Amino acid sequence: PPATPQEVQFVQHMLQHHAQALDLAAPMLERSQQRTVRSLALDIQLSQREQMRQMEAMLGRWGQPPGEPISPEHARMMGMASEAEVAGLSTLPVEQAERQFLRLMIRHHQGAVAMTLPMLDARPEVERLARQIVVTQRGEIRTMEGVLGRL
């Protein structure tokens, strides 16, 4: 049976949501001199990309396009960083940019969890993906909260 419109939209939106994690990590790898922050940024890039590859494959199998872009207001509700917030990671003094990176990525991951919980009650591969997203996001949030506390 084909993926439902809700399942298709969920994957389309999550693929774009995950992509932003890469935009947030890039300035840390460019600017931070903290091995702690750099290590964490790399790890999040790798975990988000693994899930993006799964989402891309799903959309390909379903013969569904990528979503239309998310609107700024709706991106904000999803916990995504605004245009300005992402730019701050490149323009703010580095120590402030590191803290902002963690705050933005935490809020980002909280939005991902909140988008995903309703999908736990779905087509098996979507349920599996949803569970993986929630587990991974929650692990990374806990690490980021620890790092933010130690900075």
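All residue numbers refer to positions in the sequence shown, first residue = 1.
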How big is the unmodelled gap, if any, between residue 83 and residue 84 relative to the deposited sequence? Choose none, 1 to 3, 4 to 9, or 10 or more. none
Per the record, averaged over C-alpha atoms, which has the higher B-factor: 31 to 39 or 105 to 113? 31 to 39
Which of 9 to 17 and 134 to 142 has higher mean CA B factor, as the PDB entry lists it: 134 to 142
Going by the entry, which of 119, 55, 44, 87 has the most elevated CA B factor? 119
Top residue by Cα temperature factor, when 64, 91, 100, 51 are compared in the entry: 64
